[PDB]
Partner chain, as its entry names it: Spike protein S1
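Presented as structure tokens, the chain that follows is alone, the form deposited without its partner chain.
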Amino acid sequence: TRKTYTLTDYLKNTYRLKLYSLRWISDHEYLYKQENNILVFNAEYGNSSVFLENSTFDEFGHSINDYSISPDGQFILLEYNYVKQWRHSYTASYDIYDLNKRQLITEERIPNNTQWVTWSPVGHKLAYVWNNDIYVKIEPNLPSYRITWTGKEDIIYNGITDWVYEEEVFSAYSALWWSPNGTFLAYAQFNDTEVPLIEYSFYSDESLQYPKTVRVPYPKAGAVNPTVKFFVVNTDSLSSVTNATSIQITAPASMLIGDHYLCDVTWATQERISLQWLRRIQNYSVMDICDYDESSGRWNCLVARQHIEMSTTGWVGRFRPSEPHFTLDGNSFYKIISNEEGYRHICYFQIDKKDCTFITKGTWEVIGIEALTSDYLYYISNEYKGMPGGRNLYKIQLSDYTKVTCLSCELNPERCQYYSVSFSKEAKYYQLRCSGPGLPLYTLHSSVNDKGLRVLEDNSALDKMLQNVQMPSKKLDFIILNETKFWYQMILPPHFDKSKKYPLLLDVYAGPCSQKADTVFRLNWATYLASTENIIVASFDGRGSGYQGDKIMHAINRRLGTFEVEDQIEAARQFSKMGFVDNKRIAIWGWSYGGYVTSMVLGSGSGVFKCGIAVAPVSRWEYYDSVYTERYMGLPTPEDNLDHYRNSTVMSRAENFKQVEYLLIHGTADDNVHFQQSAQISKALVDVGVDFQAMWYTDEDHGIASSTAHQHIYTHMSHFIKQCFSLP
């Protein structure tokens, strides 16, 4: 009788999840935007005050995209004229409002088209990047000091990353790192001089007569990579009469012998900085720990304080070497690394000691270190109940590792099995964000005795609306394969009846270290498919998936397009044998890496799938970037791993597509997985006489997320799936 969750509900966002994004400004207070007003909250009592009026900038003219209060609450950086670039990069215009004198600064303002800006960690200094060069402002209203002068579009990047470093290494545009108290400003410099350019058309509005050609330095597998240099400058000794002096910290000799990457920068103390370097063959990384020499004014990194991290079974770290977590005095540090059994755990290092000591162990993994005090280290792991798709917050006593306490496990076991956390400045307080299997729940806690102070947001409004809807349920479980358990999830239609046969859609990603089977609550396309079309949407984490140890994750090392593809077919095979699945109506779909796997599956000749949809798929690894591809595949040379590069393409399986229905989709302005990848798939299908469905999205990138494109792609795929399953 009640309505179902429809395609329109998903597309129009009828049912919204409420959140509670706060920002810690001290060890006791946080900012929260309410009614467009920014309020300051006292964590102990829950009382608040208005920090900034939503009306204060009424006659500002420009539409503010975001704001950023200086650490000392004295200034607020206003961001506007936002123009997106890649996944993290963008340029904007900035203005600064003096909160003390309630006045907007008009002298020496930050330039327009600024690529990145950031307050110093303490006080109110500024460091921004413009035209690829670094600038520092000791005071909001004072003239800025030019730090670098080599900045050159698409060639030299100071303080910001190029395309590949942004996407595959730092997951940020930013390549600036303020020392703890703001004395030093460390930055990286990238040189893409010999990096080939990916070129593609951009059509723009109808009014543009000639299409524009976008050119982006983008190193494909085996190509020339950007080179990197690291520098540290003293912002306390800057002169208006002399060009600032930047001190360079060179990479270790073991890295200089060949191509390499700078993969991590983490300050230990006011005068100690750590950096990790990664060889192009990503199974060997080195950590340098460098101390400032007050006499010479140089930075020295004692060889005795070097830390090597390598792997024999695969690459290093999940996507890159993990970040260290230094103690107060910076003499020791905690870092997640795979142990001798292949599971990622916390190892305790002494800076000038080679062997580290594991403080956690077991057939499960630590996801991340979240906070550290002299008595405790707080972290998230999937240990609880052995569910690799669950996440809980734990604390471990540094003086006795046998004492591990779970802080989120038992708060509400039925509703919450997946948490992330946010600690205040000195870990005095923490916010728990539960996101599944029930509706998101946000809470505030105090560390001293782990008290549950109060509920910030429980989504009771949403829960009330969802009561009048026939919502699907989610089953999370596992199947066995060679004495190994692999998890999967099924979004089951409302009133699931195991005596009936339901068509089944396999939602896949399956890239290395991926996880598509978890306890997270989601309102997405699958929700509609199961609620309205009574289609079962399943996902499976096979070989190559993460958070279950290296034996599983490294199974596809140097072998992409093999086991993770085979395991998806196996899962579907097993699901088709279950009583509630109509083995005549089984489909598969994926986006990005999932598009690749979906394509490899459809072209495998397995006969298990009737149809499938691939969105922006990778088609041959030589078309994807160096940093990510080489991480798993090595180099595409005959002496390294070229053969597997050549027979792991979608194109080579073209002929096998004759017995399935295939829908191939891709945005023409995809800067990540180039349209080229789908252009070559379609040509190969054409070459063997295989008919298929296609859709390109003019000017859309990898996310095909503009409002209209988003509604259009999902509307189009819905028709395809319904048609494939013979649904009304």
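Positions refer to the first chain, counted from 1.
Keep in mind the form deposited with its partner chain bound is missing from the figure; the text below concerns it.
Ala251, heavy atom within 4.5 angstroms of its partner chain in the deposited complex: Yes, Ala251 lies within 4.5 Å of its partner chain in the deposited complex.
In the deposited complex, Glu426 touching its partner chain (heavy atom, 4.5 Å): Because no heavy atom of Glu426 falls inside 4.5 Å of its partner chain in the deposited complex, the answer is no.
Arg279 within 4.5 Å of its partner chain in the deposited complex, heavy atoms: So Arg279 counts as contacting its partner chain.
4.5 Å heavy atom contact, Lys229 and its partner chain in the deposited complex: Although its partner chain is absent here, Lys229 would touch it in the deposited complex, with heavy atoms inside 4.5 Å.
The unique member of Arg109, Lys610, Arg559, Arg298 whose heavy atoms fall within 4.5 Å of its partner chain in the deposited complex: The residue in contact is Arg298.
Option touching its partner chain, based on a heavy atom within 4.5 Å in the deposited complex, out of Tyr284, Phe563, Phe496, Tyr401: The residue in contact is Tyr284.
Candidate stretches 266-274, 290-298, 480-488, 92-100, one within 4.5 Å of its partner chain in the deposited complex by heavy atom: Single hit among the candidates: 290-298.
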